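# Residue-level structure breakdown
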Amino acid sequence: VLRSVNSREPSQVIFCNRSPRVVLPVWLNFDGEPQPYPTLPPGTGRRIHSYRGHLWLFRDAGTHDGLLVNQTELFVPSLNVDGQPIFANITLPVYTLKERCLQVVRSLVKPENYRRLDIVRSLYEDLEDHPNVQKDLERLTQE
Amino acid sequence: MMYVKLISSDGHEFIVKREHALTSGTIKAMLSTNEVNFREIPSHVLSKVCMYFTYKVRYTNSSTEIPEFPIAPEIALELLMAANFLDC
Amino acid sequence: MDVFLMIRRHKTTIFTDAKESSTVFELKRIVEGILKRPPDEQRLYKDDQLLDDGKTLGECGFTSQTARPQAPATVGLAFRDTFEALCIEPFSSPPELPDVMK
Ligand SMILES: Cc1ncsc1-c1ccc(CNC(=O)[C@@H]2C[C@@H](O)CN2C(=O)[C@@H](NC(=O)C2(F)CC2)C(C)(C)SC[C@H]2CC[C@@H](CN3CCOCC3)CC2)cc1
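For every chain, the first residue of the written sequence is numbered 1, i.e. counting runs from 1 onward, and this need not coincide with the entry's numbering; residues without coordinates are not included. Lettering of chains starts at A and numbering of ligands starts at 1, both following the order in which they are written. Calculation of side-chain values draws on the structure's entire complement of heavy atoms; hydrogens and water are dropped beforehand. Residues with missing side-chain atoms are left out of burial classes, side-chain pairs and their counts.

## Some thoughts on the interface of chain C and chain B
Only heavy atoms enter the contact rule, under which two residues are in contact if any of them lie within 4.5 Å. Taken together, the contact pairs 26 residues of chain C with 30 residues of chain B. By buried area we mean the combined loss of accessible area, with a 1.4 Å probe, across both parts when two parts are placed together. Counting the surface lost from both chain C and chain B, the interface buries some 2,200 Å², and carbon and sulfur atoms represent 66% of this. On the chain C side of the contact with chain B, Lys11(C), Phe15(C) and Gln70(C) bury the most area, a combined 32% of that side's loss. We define a salt bridge as a side-chain nitrogen of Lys or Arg found within 4 Å of a carboxyl oxygen belonging to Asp or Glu. Joining chain C to chain B, the criterion identifies 1 salt bridge. Between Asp17(C) and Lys17(B) there is a salt bridge; the shortest N-O distance is 3.4 Å.

Set out below in structure tokens:
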């Protein structure tokens, strides 16, 4: 269900990274398969050529933590008005404290050593449940 | 506004807005005196939890660009355990 | 522009926000509603420097850069015929990093 539409109608977009992360843009192709695009460093913007009805999501390039674009999960280019580009402002979500702690711990501990940490077993499983695009697409489809 | 007192294991008293504290479903249940004691959370963790409450209320549903919530490596594991318990 | 503070005395820490343009005096009014002590019984400090009631918080050095929600700025408080000495007890010390986190 979540797939780009082959509109063939050009739409110019500014991918504007307003996050502290290196951002990976992800394009959902016409079969709903996610395709990675070039990364954007923190504090950078790029004018890119996309199409109306196309679907994009944004993630941390190294960790795949999910990011927000114009305050939501999915970005769909629309029609350009006045020759103005559509802005896609990529930002951090407000992560839960638990998820942010999981991010930092994963950043420090190799997955093979998660089970060495002195914490309850359910948190081993939470640490091992790394963020990933495919699961979020399934969550979004069901919504 | 209404304030609650959250007390760490080492006896530090943290006075925060109730609306901020209710970010944690655990704390809401513990409140429902106006004081909550955490026998397992020391102040170098609970102070950071209160900063998170402030951070969440300020930036949730905000269009300003959102800064990262910072967490030093030396507190990360205990803060994870507190966050798991507090459900926030 | 809002500023975000920890108002600290002894082993008490108050988390609150205020305007950069609001005054030290208006902040003591905040403290009064919470701690039930009058402004004339309060002394507020930035680091070791006592702060004048007329001065704005920004003037004292509390700004968006220094007083953020994630990293709040600390305002020292001393209560009183003699005002006590400013004393803020530090937070506890984190343990040593687990080896798998090194
Ligand atoms: C610099 C930068 N920084 C962060 S992103 C970014 C960037 C960089 C290049 C662009 C060019 N723009 C698109 O590729 C827009 C985007 C999306 O809308 C799909 N797409 C199309 O062009 C689709 N084509 C069609 O739909 C039609 F032709 C109308 C029928 C396709 C994908 C079916 S064919 C396009 C061809 C040529 C371009 C490569 C793009 N390679 C691959 C990824 O690595 C480098 C770039 C892919 C195959 C855009 C953004």
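## A closer look at the site of the ligand
All names here are of chain A. The full set close to the ligand counts 15 residues, and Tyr37, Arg46, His49, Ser50 and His54 are the nearest of them. The term polar contact refers here to a pair of N or O atoms within 3.5 Å; inside protein, the definition further demands a hydrogen-donor-capable atom paired with an acceptor-capable atom, and it admits residues adjacent in sequence only when both atoms are side-chain atoms. Taking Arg46, its side chain carries an N or O atom lying 2.9 Å from a nitrogen atom of the ligand. The side chain of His54 places a nitrogen or oxygen atom 2.7 Å from an oxygen atom of the ligand. Using the Shrake-Rupley algorithm and a 1.4 Å probe, accessible areas are obtained, with residue cover drawn only from the displayed protein chains. The fraction of the free accessible surface of the ligand (910 Å²) that becomes covered by protein chains is 60%. Here, proximity means that at least one heavy atom of the residue falls within 4 Å of the molecule or strand.

## Section: the domain arrangement of chain A
Residues and elements named next belong to chain A. Domains are outlined according to an automatic or database domain assignment. Segmenting chain A into domains produces domain 1 (10-91) and domain 2 (97-141). Taken together, the 11 residues of domain 1 in the interface contact 10 residues of domain 2. Between domain 1 and domain 2, roughly 820 Å² of surface is buried when both sides are summed, and carbon and sulfur atoms account for 58% of that area. Sorting the residues of domain 1 by area buried against domain 2 places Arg59, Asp65 and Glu73 first, and these three jointly supply 47% of that buried surface. The interface formed by domain 1 and domain 2 holds 2 salt bridges in total.

## A look at the state of the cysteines
When two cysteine sulfur atoms lie within 2.5 Å, the pair is treated as a disulfide. Here the structure, examined in full by the defined rule, presents 0 disulfides over all chains. Here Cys101(A) stays unpaired: no disulfide links it, and the sulfur of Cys88(B), its closest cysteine neighbor, is 8.3 Å away.

## Things to note about the layout of surface pockets
All names here are of chain B. Looking at the second largest pocket, its volume works out to about 370 Å³. Along the walls of the second largest pocket sit 17 residues, with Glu40, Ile41, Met81, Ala82 and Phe85 positioned nearest its centre. Strands are runs of DSSP state E lasting at least two residues, helices are runs of H or I lasting at least four, and both sets are numbered from the N terminus onward. With 5 residues, the single largest contributor to the lining of the second largest pocket is helix α4 (residues 73-86). We place a 1 Å grid over just the protein atoms. Points where a 1.4 Å probe fits but has no way out form a cavity, open points with protein on both sides within 12 Å along at least 5 of 7 lines form a pocket, and any residue with an atom within 4 Å of a point lines it. Grid points are joined across faces, edges and corners, and a volume is the space filled by probe spheres set on the points.

## Brief notes about unusual backbone geometry
Comment: phi is negative for the bulk of residues other than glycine, and the bulk of peptide bonds are trans. Here the phi dihedral of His64(A) falls at roughly 65°; this positive angle occurs in a residue that is not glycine. Of note in the backbone geometry, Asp47(C) takes a positive phi value of approximately 55° without being a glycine. Examined against the element boundaries, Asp47(C) turns out to sit in the loop between β3 (42-46) and β4 (49-50).

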